[PDB]
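Structure first, then comments.
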Protein chains: 2
Amino acid sequence: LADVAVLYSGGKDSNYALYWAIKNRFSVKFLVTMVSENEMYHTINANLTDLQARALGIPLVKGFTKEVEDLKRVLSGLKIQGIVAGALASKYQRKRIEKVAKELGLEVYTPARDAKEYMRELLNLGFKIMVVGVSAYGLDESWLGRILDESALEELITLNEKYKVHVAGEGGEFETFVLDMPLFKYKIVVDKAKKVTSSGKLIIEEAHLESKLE
Amino acid sequence: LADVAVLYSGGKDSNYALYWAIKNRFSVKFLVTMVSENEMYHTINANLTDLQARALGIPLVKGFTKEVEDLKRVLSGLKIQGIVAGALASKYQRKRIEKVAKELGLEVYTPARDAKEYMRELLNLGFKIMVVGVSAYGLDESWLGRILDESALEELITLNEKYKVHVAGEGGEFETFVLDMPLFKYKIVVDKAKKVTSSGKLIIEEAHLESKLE
Ligand SMILES: Nc1ncnc2c1ncn2[C@@H]1O[C@H](COP(=O)(O)O)[C@@H](O)[C@H]1O
Ligand SMILES: Nc1ncnc2c1ncn2[C@@H]1O[C@H](COP(=O)(O)O)[C@@H](O)[C@H]1O
């Protein structure tokens, strides 16, 4: 029952879900990423979680796509007992997870919910988070490619207590990409990104792994 | 017993093994690629089989690494009955496959061996094969990035009946990458490659998928 697969899309919560699972003695046999044609090229920006999976040394399973049926199809081919998803999964995402899980007879392990507290915990845990998506007023394109720290957290809280932008970007406020965390054996360094409704998006063009102190 | 995983590294034989398996009514649940640090960047040249897996629509499992222990670890997490490998696997490769297979209690399905005949069959089946590796005298860097056809086959046979270079590159003579085959839903187009003992190597920098007639 310790054998599980983590739904990994690359952002702060997928990574927190991974850290949580490992710390709670779970046996993460696989990371699972679903790729939809809804978003074809050679750029690394297509295999970002693939870059993180190498930093982690953990096997990565990639599915392709009614995404519920495709997900269940992928997960059904794995020798696992449960599915690990972050406690910040979309209100809709949780429904799909619950549905496929039940139908497959799998457990839905999830971290047992204050935005501020959560965000602070990630920083204290050594999470290196970069903003790669933005879709909320009060967040100019300047936020793209920017890393979050005790400083950026303030600006988020200050922005929240004004434009009411979620502190944990819960709801599409902004997308993230984790460049480093305690479990990474290698750090991810962005060499070239270049930025593109107040909808922003950072397309990573050049990136590489760098060994950590260890 | 129909459920299997194909050891897919991207070349002509991995793809032939895949085609053979699908045609023989096997249920290919996953493609498995092992990535070793023995060969760190963002280039697509790292996720080439990932590009093919999208063209195929088949889930891809990627392992990281005694590669035998790592392979068995990956395959042990999949709900399969056997392993599919091409009949051209290295004389050593077959030993590892047999070892892990036996230890996991899995079947080792493999295509039931004339080089010329084999190479001709691939062309007749519509295989679009590009040379991305070279390590044999009589094969100048001009062969890198070159596509194989009834014409290139002759030059290979003519070269064989002289420098004794294997027709199926069996033994490290040359590495390949399949840009298209009947099972691909999309074709792979190389936009920018640039070439690098008579050891040659083609590093693909730009590539993309293009829809097929269907
Ligand atoms: N294939 C998937 N299906 C459903 N939910 C997913 C999938 N992949 C990732 N997630 C959820 O996405 C959340 C993380 O989003 P993020 O912080 O941007 O990486 C996690 O809490 C997961 O539960
Ligand atoms: N992870 C692996 N372990 C052992 N053999 C492999 C692995 N991946 C691919 N192969 C073998 O590599 C052969 C294909 O080489 P190629 O034609 O260059 O793609 C196949 O016949 C497979 O049996």
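Just remember, in the structure tokens the first chain shown is A, the second B, etc., residues are 1-based per chain, and ligands are 1-based in the order shown.
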With only C-alpha atoms as the counted atoms, please give the residues lying no more than 10 Å from residue A:59, apart from itself and same-chain residues fewer than 2 positions off, as a PDB file with C-alpha atoms, in the first residue's frame.
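That gives us part_23.pdb:
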```
ATOM      1  CA  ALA A   5       2.433   7.326  -8.292  1.00  0.00           C
ATOM      2  CA  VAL A  28       7.056   6.661  -5.012  1.00  0.00           C
ATOM      3  CA  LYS A  29       7.456   4.182  -7.853  1.00  0.00           C
ATOM      4  CA  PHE A  30       6.595   6.714 -10.593  1.00  0.00           C
ATOM      5  CA  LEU A  31       5.876  10.381 -11.420  1.00  0.00           C
ATOM      6  CA  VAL A  32       3.017  10.759 -13.935  1.00  0.00           C
ATOM      7  CA  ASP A  50      11.510  15.403 -17.785  1.00  0.00           C
ATOM      8  CA  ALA A  53      12.708  13.749 -13.251  1.00  0.00           C
ATOM      9  CA  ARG A  54      16.444  13.533 -14.142  1.00  0.00           C
ATOM     10  CA  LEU A  56      15.238  13.466  -9.051  1.00  0.00           C
ATOM     11  CA  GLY A  57      16.358  10.104 -10.407  1.00  0.00           C
ATOM     12  CA  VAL A  61       5.660   8.069 -16.948  1.00  0.00           C
ATOM     13  CA  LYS A  62       4.285  10.260 -19.680  1.00  0.00           C
TER      14      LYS A  62
ATOM     15  CA  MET B  34      16.551   4.171 -20.140  1.00  0.00           C
ATOM     16  CA  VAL B  35      18.504   7.404 -19.712  1.00  0.00           C
ATOM     17  CA  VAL B  61       8.171   5.321 -19.332  1.00  0.00           C
ATOM     18  CA  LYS B  62      11.565   6.836 -18.746  1.00  0.00           C
ATOM     19  CA  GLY B  63      14.068   5.373 -16.284  1.00  0.00           C
ATOM     20  CA  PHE B  64      17.299   6.867 -14.938  1.00  0.00           C
ATOM     21  CA  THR B  65      20.668   5.384 -14.003  1.00  0.00           C
ATOM     22  CA  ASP B  70      17.746  -0.044 -12.741  1.00  0.00           C
ATOM     23  CA  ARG B  73      13.387  -1.718 -11.045  1.00  0.00           C
ATOM     24  CA  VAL B  74      11.545   0.191 -13.734  1.00  0.00           C
ATOM     25  CA  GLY B  77       6.563  -1.328 -11.493  1.00  0.00           C
TER      26      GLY B  77
END
```
Which residues are close to stretch 113-118 of chain B, i.e. within 12 Å by only C-alpha atoms, leaving aside same-chain residues fewer than 4 positions away? Reply as a ChimeraX atom specification. /B:12-13,16,86-88,122-125,127,150,153-154,156-158,160,165-170
Counting only C-alpha atoms and all ligand atoms, what residues are within 8 Å of ligand 1, given as an mmCIF file with N, CA, C and O atoms, in the first residue's frame?
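What landed in pocket_2.cif:
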```cif
data_model
loop_
_atom_site.group_PDB
_atom_site.id
_atom_site.type_symbol
_atom_site.label_atom_id
_atom_site.label_comp_id
_atom_site.auth_asym_id
_atom_site.auth_seq_id
_atom_site.Cartn_x
_atom_site.Cartn_y
_atom_site.Cartn_z
ATOM 1 N N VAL A 6 2.913 9.699 -8.223
ATOM 2 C CA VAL A 6 2.617 11.102 -7.978
ATOM 3 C C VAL A 6 2.222 11.808 -9.288
ATOM 4 O O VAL A 6 2.943 11.712 -10.270
ATOM 5 N N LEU A 7 1.077 12.492 -9.307
ATOM 6 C CA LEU A 7 0.658 13.219 -10.497
ATOM 7 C C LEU A 7 1.560 14.459 -10.496
ATOM 8 O O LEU A 7 1.361 15.390 -9.714
ATOM 9 N N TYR A 8 2.560 14.444 -11.373
ATOM 10 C CA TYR A 8 3.558 15.497 -11.441
ATOM 11 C C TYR A 8 3.465 16.347 -12.703
ATOM 12 O O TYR A 8 3.701 15.850 -13.811
ATOM 13 N N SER A 9 3.151 17.629 -12.542
ATOM 14 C CA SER A 9 3.045 18.519 -13.691
ATOM 15 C C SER A 9 4.175 19.554 -13.671
ATOM 16 O O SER A 9 4.267 20.413 -14.562
ATOM 17 N N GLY A 10 5.008 19.493 -12.629
ATOM 18 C CA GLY A 10 6.163 20.381 -12.534
ATOM 19 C C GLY A 10 6.155 21.611 -11.639
ATOM 20 O O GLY A 10 7.218 22.150 -11.328
ATOM 21 N N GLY A 11 4.975 22.045 -11.211
ATOM 22 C CA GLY A 11 4.877 23.228 -10.379
ATOM 23 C C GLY A 11 5.134 23.001 -8.901
ATOM 24 O O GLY A 11 5.448 21.888 -8.471
ATOM 25 N N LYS A 12 4.984 24.065 -8.119
ATOM 26 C CA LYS A 12 5.224 24.004 -6.685
ATOM 27 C C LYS A 12 4.463 22.916 -5.925
ATOM 28 O O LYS A 12 5.056 22.243 -5.070
ATOM 29 N N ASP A 13 3.176 22.734 -6.228
ATOM 30 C CA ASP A 13 2.368 21.732 -5.524
ATOM 31 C C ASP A 13 2.658 20.283 -5.903
ATOM 32 O O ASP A 13 2.631 19.406 -5.035
ATOM 33 N N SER A 14 2.937 20.024 -7.180
ATOM 34 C CA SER A 14 3.270 18.674 -7.616
ATOM 35 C C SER A 14 4.517 18.299 -6.841
ATOM 36 O O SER A 14 4.631 17.189 -6.303
ATOM 37 N N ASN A 15 5.458 19.232 -6.777
ATOM 38 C CA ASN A 15 6.694 18.967 -6.067
ATOM 39 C C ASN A 15 6.500 18.846 -4.569
ATOM 40 O O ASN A 15 7.171 18.042 -3.913
ATOM 41 N N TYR A 16 5.591 19.639 -4.018
ATOM 42 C CA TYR A 16 5.315 19.527 -2.602
ATOM 43 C C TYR A 16 4.672 18.172 -2.344
ATOM 44 O O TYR A 16 5.000 17.520 -1.349
ATOM 45 N N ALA A 17 3.775 17.751 -3.242
ATOM 46 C CA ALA A 17 3.101 16.454 -3.110
ATOM 47 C C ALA A 17 4.136 15.326 -3.081
ATOM 48 O O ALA A 17 3.994 14.362 -2.310
ATOM 49 N N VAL A 32 3.875 10.860 -12.763
ATOM 50 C CA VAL A 32 3.017 10.759 -13.935
ATOM 51 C C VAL A 32 2.653 12.126 -14.471
ATOM 52 O O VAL A 32 2.107 12.957 -13.756
ATOM 53 N N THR A 33 2.959 12.355 -15.736
ATOM 54 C CA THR A 33 2.665 13.631 -16.361
ATOM 55 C C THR A 33 1.778 13.389 -17.581
ATOM 56 O O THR A 33 2.047 12.495 -18.385
ATOM 57 N N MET A 34 0.707 14.155 -17.722
ATOM 58 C CA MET A 34 -0.129 13.976 -18.895
ATOM 59 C C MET A 34 0.131 15.116 -19.877
ATOM 60 O O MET A 34 0.164 16.294 -19.505
ATOM 61 N N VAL A 68 -9.849 12.039 -18.492
ATOM 62 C CA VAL A 68 -10.057 11.113 -17.388
ATOM 63 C C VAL A 68 -9.796 9.688 -17.854
ATOM 64 O O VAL A 68 -9.123 8.910 -17.170
ATOM 65 N N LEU A 71 -6.027 9.191 -18.428
ATOM 66 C CA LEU A 71 -5.310 9.106 -17.158
ATOM 67 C C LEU A 71 -5.485 7.722 -16.550
ATOM 68 O O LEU A 71 -4.511 7.075 -16.165
ATOM 69 N N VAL A 84 -0.928 10.010 -5.510
ATOM 70 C CA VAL A 84 -0.588 11.156 -4.679
ATOM 71 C C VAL A 84 -0.749 12.438 -5.476
ATOM 72 O O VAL A 84 -0.130 12.614 -6.522
ATOM 73 N N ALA A 85 -1.586 13.336 -4.984
ATOM 74 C CA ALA A 85 -1.809 14.619 -5.636
ATOM 75 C C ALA A 85 -1.702 15.679 -4.549
ATOM 76 O O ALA A 85 -1.964 15.398 -3.378
ATOM 77 N N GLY A 86 -1.313 16.889 -4.920
ATOM 78 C CA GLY A 86 -1.182 17.942 -3.927
ATOM 79 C C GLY A 86 -2.525 18.434 -3.420
ATOM 80 O O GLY A 86 -3.535 18.314 -4.110
ATOM 81 N N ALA A 87 -2.534 19.000 -2.218
ATOM 82 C CA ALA A 87 -3.760 19.508 -1.613
ATOM 83 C C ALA A 87 -4.239 20.802 -2.260
ATOM 84 O O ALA A 87 -5.230 21.389 -1.827
ATOM 85 N N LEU A 88 -3.538 21.244 -3.299
ATOM 86 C CA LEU A 88 -3.909 22.470 -4.001
ATOM 87 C C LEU A 88 -4.476 22.186 -5.388
ATOM 88 O O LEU A 88 -4.710 23.110 -6.172
ATOM 89 N N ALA A 89 -4.689 20.911 -5.698
ATOM 90 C CA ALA A 89 -5.239 20.540 -6.999
ATOM 91 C C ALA A 89 -6.547 21.296 -7.246
ATOM 92 O O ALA A 89 -7.300 21.563 -6.308
ATOM 93 N N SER A 90 -6.809 21.644 -8.502
ATOM 94 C CA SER A 90 -8.029 22.367 -8.878
ATOM 95 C C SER A 90 -9.279 21.695 -8.291
ATOM 96 O O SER A 90 -9.304 20.474 -8.117
ATOM 97 N N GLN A 93 -10.043 19.202 -10.692
ATOM 98 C CA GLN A 93 -9.002 18.183 -10.747
ATOM 99 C C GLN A 93 -9.245 17.092 -9.708
ATOM 100 O O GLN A 93 -9.100 15.907 -9.998
ATOM 101 N N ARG A 94 -9.617 17.494 -8.500
ATOM 102 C CA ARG A 94 -9.857 16.535 -7.429
ATOM 103 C C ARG A 94 -10.973 15.553 -7.784
ATOM 104 O O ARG A 94 -10.935 14.387 -7.387
ATOM 105 N N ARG A 96 -11.765 14.437 -10.839
ATOM 106 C CA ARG A 96 -11.266 13.464 -11.800
ATOM 107 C C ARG A 96 -10.423 12.429 -11.060
ATOM 108 O O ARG A 96 -10.562 11.222 -11.281
ATOM 109 N N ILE A 97 -9.554 12.908 -10.175
ATOM 110 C CA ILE A 97 -8.679 12.040 -9.397
ATOM 111 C C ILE A 97 -9.515 11.050 -8.603
ATOM 112 O O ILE A 97 -9.258 9.844 -8.618
ATOM 113 N N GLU A 175 1.203 30.281 -12.865
ATOM 114 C CA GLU A 175 1.779 28.934 -12.956
ATOM 115 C C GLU A 175 3.222 28.967 -12.462
ATOM 116 O O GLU A 175 3.886 29.996 -12.569
ATOM 117 N N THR A 176 3.725 27.853 -11.942
ATOM 118 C CA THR A 176 5.107 27.853 -11.482
ATOM 119 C C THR A 176 5.880 26.657 -11.988
ATOM 120 O O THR A 176 5.309 25.738 -12.560
ATOM 121 N N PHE A 177 7.192 26.700 -11.792
ATOM 122 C CA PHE A 177 8.103 25.634 -12.188
ATOM 123 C C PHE A 177 9.202 25.579 -11.129
ATOM 124 O O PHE A 177 9.864 26.591 -10.868
#
```
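Those residues of stretch 15-104 of chain A that DSSP, working from the backbone, places in strand (DSSP E) are residues 27, 28, 29, 30, 31, 32, 33, 34, 35, 60, 61, 62, 63, 64, 82, 83 and 84 of chain A.
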Just asking: which residues within stretch 42-157 of chain A are alpha helix (DSSP H) according to DSSP, as number ranges by chain? A: 48-56, 67-75, 93-104, 115-124, 150-157
Using only C-alpha atoms and all ligand atoms, pick whichever of B:19, B:26, B:174, B:163 has the shortest atom-to-atom distance to ligand 2. B:174
Ranking A:212, A:201, A:79, A:66 by minimum distance to chain B and counting only C-alpha atoms, which one comes first?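 The closest residue to chain B is A:79.
Nearest to residue A:207 of all the residues A:119, A:51, A:100, A:178 is A:51, counting only C-alpha atoms.
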Which one is closest to residue B:194: B:2, B:142, B:81, B:103? Count only C-alpha atoms.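 Residue with the minimum atom-to-atom distance to residue B:194: B:142.
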Write out as a PyMOL selection string each polymer residue whose atoms come within 12 Å of residue A:208, counting only C-alpha atoms; drop sequence neighbours fewer than 3 positions from it. (chain A and resi 44-45+47-48+50-52+54-55+179-180+186-192+204-205+211) or (chain B and resi 40-43+46)
Within 10 Å of residue A:1, counting only C-alpha atoms, which residues qualify if same-chain residues fewer than 4 places away don't, as a ChimeraX atom specification? /A:26-27,80-82,106-107
Which residue of A:196, A:75, A:183, A:104 approaches chain B most closely, using only C-alpha atoms: A:75
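The gap separating atom 18 (O, counted along the ligand's line) of ligand 2 from atom CA of residue B:121 is 16.3 Å, in Å to one decimal.
Of the residues listed (B:193, B:22, B:202, B:136), B:193 shows the shortest atom-to-atom separation from chain A; distances use only C-alpha atoms.
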